[PDB]
Amino acid sequence: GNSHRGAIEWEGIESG
Amino acid sequence: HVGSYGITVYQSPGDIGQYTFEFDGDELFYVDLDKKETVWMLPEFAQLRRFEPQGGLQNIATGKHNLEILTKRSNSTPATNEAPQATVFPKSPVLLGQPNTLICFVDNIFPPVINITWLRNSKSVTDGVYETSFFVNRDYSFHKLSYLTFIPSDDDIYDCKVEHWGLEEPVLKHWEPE
Amino acid sequence: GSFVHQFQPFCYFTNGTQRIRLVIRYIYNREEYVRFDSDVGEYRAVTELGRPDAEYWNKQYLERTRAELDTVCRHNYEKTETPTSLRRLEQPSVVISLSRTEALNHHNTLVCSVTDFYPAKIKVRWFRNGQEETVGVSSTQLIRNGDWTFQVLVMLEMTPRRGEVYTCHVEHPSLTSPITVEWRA
Amino acid sequence: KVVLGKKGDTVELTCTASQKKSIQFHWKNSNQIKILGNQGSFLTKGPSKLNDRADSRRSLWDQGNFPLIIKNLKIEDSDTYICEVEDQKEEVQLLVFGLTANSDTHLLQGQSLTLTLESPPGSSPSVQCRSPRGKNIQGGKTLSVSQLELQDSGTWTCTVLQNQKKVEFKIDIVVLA
């Protein structure tokens, strides 16, 4: 039925 | 208005995480990470709108992931413990015999680990207690509220006990009717 | 001891969905390291800890993030907040009580307890014999009970004399007509 | 007690009473307008010119402290304030000043610098500034440095002194060839 979504936390880069 | 769709907090050690939706400062729901369900504060809302908990789980998994990466980035800078400050006030006007709810509002919580309990006549209470998730604050500390159902009377006095790492000893916030 | 990571999204709405701003904060313990602000248009490093992120995210997730202003903010507001949060109306309870035990001609304070209401917009006025009181009125901040209702206490510094009528006057969206409560000495 | 503040900064006026406990108190101004006080265990602010800029620290009430905090100061917040805890009164007079540089920006060698001190109509002091390399010009409500030299490019320090008290402003001036 009524579908609720949220924000999407993004991943972060590593090393370098 | 202000909607915070996916506040995601993760903490280590302990693998402590919380995922909530807030609207205009109030708690829409939190996702029970263990049971994997969306728990709405106002149950009627779950009849007019819905959120798939997976989104919650997923965002938490990412929170966990970014915590390791960020912990390493700061060269393992631990979180500073703050001293939580508690305030007790009744939901409704106090009337002898009329059912009411005592509210313990605890602000400036950091880190997000705490025990908020109730004492009635210096003894711990179990029944009639409910608690919210941690709400974000502009300064990045949190606030939380605990609830105790009760009937105002002549003999009963109360305390909200707050136990936190930033407190040398559990603090008691006393409250008694008039 | 421990380590904390916070991810805090914010959809700021003005005049309904006429103006939507999306702010996303990434925080380590209590330090915000990288932030996306739709007014700015791209991710930004708040502190050194955020450079490894800003750089990359602006290449792979910029448009995805910007689109949330519609896919999440507007979508949630129009489709889920609309039939729930924005339709909530809870009428305020109003009751007056005296601070100190009564004794005519002696200074005292009337307390108007306006409670259990939602939303926050409210107007509470004190009247003494039909005239609105101003200077002697004091108030608490708007108190959020945390259960989707607020409360506020408005006090009036006064001296109860015979024949006087003190009225606490409350106006709120959940009410067609104001709620008034009188207190006579 | 005399407290001095700087325009646009925040001050904290103190109020210590006895019986360490959130008991009853309020702060009013000279016209007896209550600025803030405690209702029950709550903070209440009535309608006054400072309503959105005042506040206190509630956690300290249990220790017998009832500060009045004022932010974004205006010379017109200068005034005498009174704290009353139960039956204790405590007068604090706040004086607000403002040191401004009427020389806008871009200052060229040989140019004159003019500063002016803003002060409470009720009471006035003696100001005394210092260039980044020596000379201490001092005056009253208006100061002036007839002609500058590349050497004053820097950050000066003016001193306002009222009662045995004193505040200090430090402005950075840029003289260019």
# chains A, B, ... in the order shown; residues from 1 in each chain; ligands from 1

$ residues_around --residues "residue C:85" --least-positions-apart "5" --cutoff "12 Å" --atoms "only C-alpha atoms" --output "PyMOL selection string"
(chain B and resi 1-3+22-28+41-42+44-46+48-49) or (chain C and resi 76-80+90+118-119+148-149)

$ residues_around --residues "residue C:9" --least-positions-apart "3" --cutoff "7 Å" --atoms "only C-alpha atoms" --output "PyMOL selection string"
(chain A and resi 7) or (chain B and resi 4-7) or (chain C and resi 23-25)

$ closest_atom_pairs --of "chain A" --to "chain C" --cutoff "8 Å" --atoms "only C-alpha atoms" --output "Markdown table"
| residue | atom | partner | partner_atom | distance |
| --- | --- | --- | --- | --- |
| A:2 | CA | C:80 | CA | 7.6 |
| A:4 | CA | C:76 | CA | 6.9 |
| A:5 | CA | C:72 | CA | 6.7 |
| A:6 | CA | C:72 | CA | 6.4 |
| A:7 | CA | C:72 | CA | 6.7 |
| A:9 | CA | C:7 | CA | 7.0 |
| A:12 | CA | C:53 | CA | 5.5 |
| A:13 | CA | C:52 | CA | 5.9 |
| A:14 | CA | C:52 | CA | 7.3 |

$ write_last_selection --atoms "N, CA, C and O atoms" --output "mmCIF file, in the first residue's frame"
data_model
loop_
_atom_site.group_PDB
_atom_site.id
_atom_site.type_symbol
_atom_site.label_atom_id
_atom_site.label_comp_id
_atom_site.auth_asym_id
_atom_site.auth_seq_id
_atom_site.Cartn_x
_atom_site.Cartn_y
_atom_site.Cartn_z
ATOM 1 N N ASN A 2 0.591 2.142 0.964
ATOM 2 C CA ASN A 2 1.330 3.394 1.071
ATOM 3 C C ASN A 2 2.783 3.147 1.460
ATOM 4 O O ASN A 2 3.095 2.916 2.627
ATOM 5 N N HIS A 4 6.561 4.151 2.208
ATOM 6 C CA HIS A 4 7.397 5.223 2.731
ATOM 7 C C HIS A 4 8.857 4.880 2.473
ATOM 8 O O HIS A 4 9.280 3.740 2.683
ATOM 9 N N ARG A 5 9.621 5.857 2.004
ATOM 10 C CA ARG A 5 11.042 5.642 1.812
ATOM 11 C C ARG A 5 11.758 6.655 2.693
ATOM 12 O O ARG A 5 11.135 7.572 3.241
ATOM 13 N N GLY A 6 13.066 6.484 2.839
ATOM 14 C CA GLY A 6 13.842 7.416 3.640
ATOM 15 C C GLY A 6 14.963 7.989 2.799
ATOM 16 O O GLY A 6 14.885 7.988 1.575
ATOM 17 N N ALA A 7 15.996 8.505 3.453
ATOM 18 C CA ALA A 7 17.141 9.032 2.730
ATOM 19 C C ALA A 7 18.079 7.840 2.664
ATOM 20 O O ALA A 7 17.915 6.878 3.419
ATOM 21 N N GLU A 9 21.866 6.712 3.169
ATOM 22 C CA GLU A 9 23.199 7.076 3.624
ATOM 23 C C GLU A 9 24.176 6.439 2.661
ATOM 24 O O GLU A 9 24.082 5.242 2.374
ATOM 25 N N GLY A 12 31.575 5.593 2.114
ATOM 26 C CA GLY A 12 32.686 6.517 1.956
ATOM 27 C C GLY A 12 33.900 5.819 1.378
ATOM 28 O O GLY A 12 34.048 4.607 1.531
ATOM 29 N N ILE A 13 34.776 6.570 0.717
ATOM 30 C CA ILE A 13 35.968 5.982 0.118
ATOM 31 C C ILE A 13 37.014 5.639 1.163
ATOM 32 O O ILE A 13 37.026 6.202 2.256
ATOM 33 N N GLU A 14 37.909 4.729 0.803
ATOM 34 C CA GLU A 14 38.942 4.269 1.725
ATOM 35 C C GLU A 14 40.365 4.553 1.249
ATOM 36 O O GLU A 14 40.585 4.979 0.118
#

$ closest_residue --among "D:150, D:50, D:13, D:85" --to "residue D:25" --atoms "only C-alpha atoms"
D:85

$ select_by_dssp --residues "chain B" --states "alpha helix (DSSP H)" --output "list in words"
residues 53, 54, 55, 56, 57, 58, 59, 60, 61, 62, 63, 64, 65, 66, 67, 68, 69, 70, 71, 72, 73 and 74 of chain B

$ write_last_selection --atoms "C-alpha atoms" --output "mmCIF file, in the first residue's frame"
data_model
loop_
_atom_site.group_PDB
_atom_site.id
_atom_site.type_symbol
_atom_site.label_atom_id
_atom_site.label_comp_id
_atom_site.auth_asym_id
_atom_site.auth_seq_id
_atom_site.Cartn_x
_atom_site.Cartn_y
_atom_site.Cartn_z
ATOM 1 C CA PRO B 53 12.295 -1.617 7.337
ATOM 2 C CA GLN B 54 14.989 -2.904 4.929
ATOM 3 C CA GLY B 55 15.728 0.714 4.117
ATOM 4 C CA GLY B 56 16.407 1.098 7.799
ATOM 5 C CA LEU B 57 18.625 -1.978 8.027
ATOM 6 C CA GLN B 58 20.554 -0.973 4.926
ATOM 7 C CA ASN B 59 21.222 2.546 6.147
ATOM 8 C CA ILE B 60 22.453 1.145 9.469
ATOM 9 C CA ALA B 61 24.795 -1.328 7.724
ATOM 10 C CA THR B 62 26.253 1.709 5.955
ATOM 11 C CA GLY B 63 26.446 3.614 9.202
ATOM 12 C CA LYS B 64 28.503 0.755 10.641
ATOM 13 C CA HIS B 65 30.731 0.784 7.546
ATOM 14 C CA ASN B 66 31.351 4.553 7.726
ATOM 15 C CA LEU B 67 32.091 4.300 11.464
ATOM 16 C CA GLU B 68 35.154 2.054 10.943
ATOM 17 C CA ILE B 69 36.385 4.268 8.137
ATOM 18 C CA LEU B 70 35.872 7.422 10.200
ATOM 19 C CA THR B 71 37.288 5.931 13.416
ATOM 20 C CA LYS B 72 40.470 5.122 11.503
ATOM 21 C CA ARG B 73 40.449 8.603 9.930
ATOM 22 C CA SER B 74 40.498 10.372 13.306
#

$ interface_residues --of "chain D" --to "chain C" --cutoff "6 Å" --atoms "only C-alpha atoms" --output "list in words"
residues 43, 44, 45 and 46 of chain D

$ interface_residues --of "chain C" --to "chain B" --cutoff "7 Å" --atoms "only C-alpha atoms" --output "VMD selection string"
chain C and resid 1 to 14 28 to 30 49 80 83 to 84 115 145 to 146 148

$ residues_around --residues "residue B:129" --least-positions-apart "3" --cutoff "9 Å" --atoms "only C-alpha atoms" --output "number ranges by chain"
B: 117-118, 125-126, 146-149
